[PDB]
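These numbers come from the heavy atoms of this one structure, side chains and all, not from hydrogens, waters or symmetry mates. Lettering follows sequence order; numbering is per chain, from 1.
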Amino acid sequence: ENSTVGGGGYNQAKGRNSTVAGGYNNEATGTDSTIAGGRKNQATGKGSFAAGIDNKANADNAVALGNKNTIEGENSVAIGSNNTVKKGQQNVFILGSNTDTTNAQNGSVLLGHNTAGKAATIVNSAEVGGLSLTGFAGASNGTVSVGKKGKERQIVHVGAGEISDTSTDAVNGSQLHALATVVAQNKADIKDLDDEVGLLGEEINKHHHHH
Amino acid sequence: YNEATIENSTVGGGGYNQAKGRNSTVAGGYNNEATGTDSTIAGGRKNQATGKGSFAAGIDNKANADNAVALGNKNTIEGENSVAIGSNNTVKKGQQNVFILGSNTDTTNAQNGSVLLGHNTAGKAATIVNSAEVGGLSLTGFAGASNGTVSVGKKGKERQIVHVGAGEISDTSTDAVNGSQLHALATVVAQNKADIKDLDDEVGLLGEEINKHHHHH
Amino acid sequence: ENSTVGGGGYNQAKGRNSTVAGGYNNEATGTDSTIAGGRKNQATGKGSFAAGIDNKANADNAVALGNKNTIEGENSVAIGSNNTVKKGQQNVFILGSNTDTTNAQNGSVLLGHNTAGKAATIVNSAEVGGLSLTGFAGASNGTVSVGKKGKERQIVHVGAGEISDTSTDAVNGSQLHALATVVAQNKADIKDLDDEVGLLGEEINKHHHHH
Ligand SMILES: [Cl-]
Ligand code: NI
């Protein structure tokens, strides 16, 4: 039914308006589904698209491009190799390989090789050894992951973020450095003052002797 | 009802597909129109590809500027050298070099060179941040100020960035900072604050001693 | 050998199960390789995929989509224009244009126009004018790059990161602002104390001349 194969062997365009352009053992089952080519691909979702080896573009609007990208949650994308989005993980976006989406919530983005999804936390405040930090902006959706535990990735060439009480811009090392220079100066001032207080203490104690 | 007259144009199969551009390809689907030189529609339904060397697949995409890539559902690209992959994304004419991997984004305020990642993500204009005033405290000499932005969410719907490596901490560093680096600096600040209190106690007791001495006169 | 062209001119589907759906001067040489269309594309890798103008999807599972994306390292992806991954850079993901992968290591991710790759550094500690900061989390492959030197990009709409001794969450401007408010307050407290110590010194010095 306005379906097209294409060329190759054992290819099936079973979906209405579906297309398999070629390759081997490609099955496009969804309405408006597409397999550009490769081998052992499926595309069961409406308007889905797969190319490469052993992908499953198996939910509506799924994009699965490369090797062994499985998509079974709506409006999701996986490009690269060995990635899986499972049914009821919606709007998940992977550009990466050998990822882990066990903990990826809806809306989450995974970037890079060996990258893991992680559940969003709500961080409005923080307590650091008896000091309270309060009033954090942007305590919301999923997360954006750039690596996994034990295999973290630096983010580089990051522009200086707005530094203010509502800012939700990322901060770079120079901004931390700049605040730390003041902290280091405060700590030296405290020492200078301490020396002064000690000397003042000695003079008082000196004074009563030979009064 | 297919249409492939021009040099090296190909349809493909399906219905109401048109490969009007020189070397253009529509591999199949329904109501796909590839109009640009070297344009390509892999399949799906209601796709356009008016740009040179453009590529669309899925439902209702417009890969309508040079080298546009529009892949999924309802990706409209009308700005040169731009990409949208996912769902309901738009790059307008005069937004160049913009890259979206996401859905239901907002590129109203996105400038040239922006990257949008994720669902409900909004574009934002770059600001120049060379310094900052916190209370009466001045912070200066920030790196990576005076290109577009990289957005990970929208106002009210921000996203944590996780598994970030410790960034270099130096006066020229443009590396992102992670929570353990702010924690480390905060431990020292907390220690300064306690030291201040200890010292304040000591000054008060020294004060009393001075006052007591006058009443030994 | 289950190969398919497609339409167009000077297209070649030389690989087993390879597909060129159309276009001009496309050569698909790898097993299970695919060229969706365009002009002057190559796909020498197994299960590779190219579309657009002048791409090389020339390593296993390569995805090269747009204009002048060259992939010659395994399991890599480039989408956009003018991007290159050389033989011996594996698992590199580019969504961007006019990038520089000279210094990109394996596993690294490049985002956006004019973006440069950068070697990972190990940052366990830092020394800021006589102050030591230690105990950093997330220190030991590749980096995630958002710009180049001189063309840094701000990251925006970042959620508040966890603030703890092990956190590898990114930090936003409001979190730095929150810490800086306390630093500013420490600094004023130091001034107030300094004034007090000065006055106490005057009392001591005056007293001796009431003797
Ligand atoms: Cl401080
Ligand atoms: Ni006396």
Peer 1: Tell me, which pairs form a side-chain hydrogen bond (donor to acceptor under 3.5 Å, both in side chains) where one or both residues lie in residues 134-148 of chain B, sequence neighbours left out?
Peer 2: B/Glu133-B/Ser138
Peer 1: Under the rule for side-chain contact (heavy atoms from CB on, under 4.5 Å), what residues qualify as partners of C/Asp192, not counting sequence neighbours?
Peer 2: none
Peer 1: Are C/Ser145 and A/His157 close enough that some pair of their side-chain heavy atoms sits under 4.5 Å apart?
Peer 2: yes
Peer 1: To the nearest 0.5 Å, how far apart are NZ in C/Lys148 and OG1 in C/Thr99?
Peer 2: 11.5 Å
Peer 1: Is there a donor-acceptor pair under 3.5 Å between the side chain of C/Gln175 and the backbone N or O of C/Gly161?
Peer 2: yes
Peer 1: My understanding is that only one of A/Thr121, A/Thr143, A/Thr115 makes a side-chain contact (heavy atoms from CB on, under 4.5 Å) with B/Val162; could you say which?
Peer 2: A/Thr143
Peer 1: Looking only at heavy atoms, what is the nearest atom pair of B/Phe99 and C/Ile79, with distance?
Peer 2: CE2-O, 4.5 Å
Peer 1: Mind checking the CG-CG spacing from A/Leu193 to B/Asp195? Nearest 0.5 Å is all I need.
Peer 2: 11.5 Å
Peer 1: State, to 0.1 Å, how close B/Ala145 and B/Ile128 come at their nearest heavy-atom pair, and which atoms those are.
Peer 2: CB-CG2, 4.2 Å
Peer 1: Examine distances only and state if a side-chain atom of A/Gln154 and a backbone atom of B/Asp175 form a donor-acceptor pair shorter than 3.5 Å.
Peer 2: no
Peer 1: Tell me every residue that passes side-chain contact (heavy atoms from CB on, under 4.5 Å) with C/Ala137, counting only those two or more places apart in sequence or in another chain.
Peer 2: B/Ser180, C/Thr168
Peer 1: Mind checking the CG-CG spacing from C/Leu133 to C/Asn124? Nearest 0.5 Å is all I need.
Peer 2: 12.5 Å
Peer 1: Could you tell me if the side chain of B/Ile169 sits less than 4.5 Å from the side chain of B/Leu185, heavy atoms only?
Peer 2: no
Peer 1: Would you say the side-chain atoms of B/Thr107 pair up with the backbone N or O of B/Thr90, donor to acceptor, closer than 3.5 Å?
Peer 2: yes
Peer 1: Do you see a donor-acceptor pair shorter than 3.5 Å between the side chains of B/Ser82 and B/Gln95?
Peer 2: no
Peer 1: Of all residues at least two apart in sequence or in a different chain, which pass the side-chain contact (heavy atoms from CB on, under 4.5 Å) check with B/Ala70?
Peer 2: B/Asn61, B/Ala63, B/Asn75, B/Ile77
Peer 1: Under the 3.5 angstrom rule, does the side chain of A/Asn172 hit a backbone N or O of A/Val158 as a donor-acceptor pair?
Peer 2: yes
Peer 1: Indicate whether the side chain of B/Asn73 and that of B/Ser87 have a donor and an acceptor atom separated by less than 3.5 Å.
Peer 2: no
Peer 1: So how far is it from A/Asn83 CG to A/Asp100 CG, rounded to the nearest 0.5 Å?
Peer 2: 10.5 Å
Peer 1: Just how far is it from atom CG of A/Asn98 to atom CG of A/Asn82, taken to the nearest 0.5 Å?
Peer 2: 4.5 Å
Peer 1: Taking only residues two or more places apart in sequence or in another chain, which ones pass side-chain contact (heavy atoms from CB on, under 4.5 Å) with C/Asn186?
Peer 2: A/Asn186, B/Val189, B/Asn192, B/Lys193, B/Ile196, C/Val182
Peer 1: Does A/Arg153 reach the main-chain N or O of A/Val146 with its side chain, forming a donor-acceptor pair under 3.5 Å?
Peer 2: yes
Peer 1: Counting only pairs under 3.5 Å, give me each side-chain donor-acceptor contact of residues 104-113 of chain C, with atom names and distances, residues two or more places apart or in other chains.
Peer 2:
from: C/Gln105; atom 1: OE1; to: C/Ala120; atom 2: N; distance (Å): 2.9
from: C/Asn106; atom 1: OD1; to: C/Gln90; atom 2: N; distance (Å): 2.6
from: C/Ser108; atom 1: OG; to: C/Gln105; atom 2: O; distance (Å): 3.4

Peer 1: When rounded to the nearest 0.5 angstrom, what distance separates OG1 in C/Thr166 from CZ in C/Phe136?
Peer 2: 14.0 Å
Peer 1: With a 3.5 Å cut-off and no angle check, do the side chains of A/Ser97 and C/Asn75 form a donor-acceptor pair?
Peer 2: no
Peer 1: Answer whether the closest heavy-atom distance between the side chains of B/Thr187 and B/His183 falls below 4.5 Å.
Peer 2: yes
